[PDB]
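In what follows, a structure is listed as structure tokens, so that the remarks can point back to it.
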Amino acid sequence: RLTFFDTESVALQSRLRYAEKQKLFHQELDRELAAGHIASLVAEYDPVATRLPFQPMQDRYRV
Amino acid sequence: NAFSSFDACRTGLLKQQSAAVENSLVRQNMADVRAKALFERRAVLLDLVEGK
Amino acid sequence: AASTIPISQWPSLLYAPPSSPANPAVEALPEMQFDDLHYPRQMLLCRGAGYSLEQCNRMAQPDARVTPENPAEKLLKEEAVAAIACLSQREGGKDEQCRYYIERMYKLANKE
Amino acid sequence: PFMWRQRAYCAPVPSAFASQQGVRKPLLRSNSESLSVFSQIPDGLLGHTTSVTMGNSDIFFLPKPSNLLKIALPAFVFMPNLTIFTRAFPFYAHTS
């Protein structure tokens, strides 16, 4: 049967590769959306608040 | 004609960031100075306080 | 007769509202706009170009991307002025004193 | 990508805000993955689960004692006799 009477295997393999592509696309998309959500916080971020009273600001916190 | 507007918005954001840093520094320093003055006032008032 | 509209049908209720004696232009509801970012964006662009606050405030102009104007104000101009005169003279058209002009305008605008 | 504080389904998982954790697992994940079945679980045996077949179990056997009966029984007609009056069937089928 497998040697002369099988096309379901090939069809299912093709469909599964298609499914893998689809899965990875959706994954990357969700990652990008979450990253944009986090990027919305860079506006709230204030690097001066890290400063200690009567001390200079550090370039480490992206002046 | 489009790169002009893009660069304008870009420089606007940069200026916003710079001004934010400067204003935050000024406000922070004023607040800290006021706190220090309050602390010294409290010190003198504790030296003047009376009771047991 | 007027049945409750569940919360799931509100998006369609906003752009296809029920009939009323004073209906809006449903065909124009998607065209009603009022930008809250107009002046902030204008100032940002000008300051990025390199102008000062005073120059920006002098160059600022009000938004043109607002809800369009009613074409009746340009097509039925004379009839509207006559109706407004009738109202000013007859106390707002009490007891049907401007029915003449109002009906002329209604016919002109509706055409059966 | 417009209303982040109002769209929590498109937001990162709380383990992402924590700043702490061959190949490692990703640091950034979203809640929108909950809308996919095979996001986290594997696709193993995906197209092979409808192939596990089991046969039916009905047995078509019933003793037929006719020595008990001495009368005929009514029987149904299942199809019209097309071997007779074949040419007129569409014309007389609607009558009775």
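Okay, here's what the table says:
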quantity: Any hit, segment B:29-39, residues being within 14 Å of chain C (Cβ to nearest Cβ), loosely packed, with under 11 Cβ neighbours inside 10 Å and either more than 28 Å from the chain's Cα centre (by Cα) or within 23 Å of A:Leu52 (Cα to Cα) (or both); calculated: no
quantity: Matching option when the condition is more than 16 Å from the chain's Cα centre (by Cα) and either closer than 21 Å to A:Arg51 by Cβ or within 13 Å of chain C (Cβ to nearest Cβ) (or both), among B:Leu48, B:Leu13, B:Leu25; calculated: B:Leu13
quantity: Tally of residues being under 30 Å from C:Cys56 (Cα atoms), loosely packed, with under 10 Cβ neighbours inside 10 Å and among the aromatic types (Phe, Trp, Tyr) across segment C:5-39; calculated: 1
quantity: Residues of segment D:14-34 that turn out to be part of a loop (DSSP other than H, G, I, E, B), within 12 Å of another protein chain (Cβ to nearest Cβ) and over 17 Å from A:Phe25 (Cβ atoms), as a count; calculated: 4
quantity: Residue within segment A:1-11 that is of a type in the set (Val, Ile, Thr) and within 14 Å of chain B (Cβ to nearest Cβ) present; calculated: no
quantity: Enumeration of residues in segment C:58-102 that are acidic (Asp, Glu) and surrounded by 11 or more Cβ atoms within 10 Å (Cβ to Cβ); calculated: C:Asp63, C:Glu79
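Results for (1) part of a loop (DSSP other than H, G, I, E, B); (2) surrounded by 10 or more Cβ atoms within 10 Å (Cβ to Cβ); (3) more than 38 Å from the chain's Cα centre (by Cα); (4) within 10 Å of another protein chain (Cβ to nearest Cβ), shown as yes or no for each residue.
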residue	(1), (2), (3), (4)
D:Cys10	yes, yes, no, yes
D:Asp43	yes, yes, no, yes
D:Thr49	yes, no, no, no
D:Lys70	yes, no, yes, no
D:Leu73	yes, no, yes, no
D:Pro90	no, no, yes, no
D:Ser96	yes, no, yes, no
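Note that we place each Cβ from the backbone using ideal geometry, even for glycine, and neighbour counts take in every protein chain shown. All of the numbers you see were taken from the coordinates with simple rules; none came from a lab.
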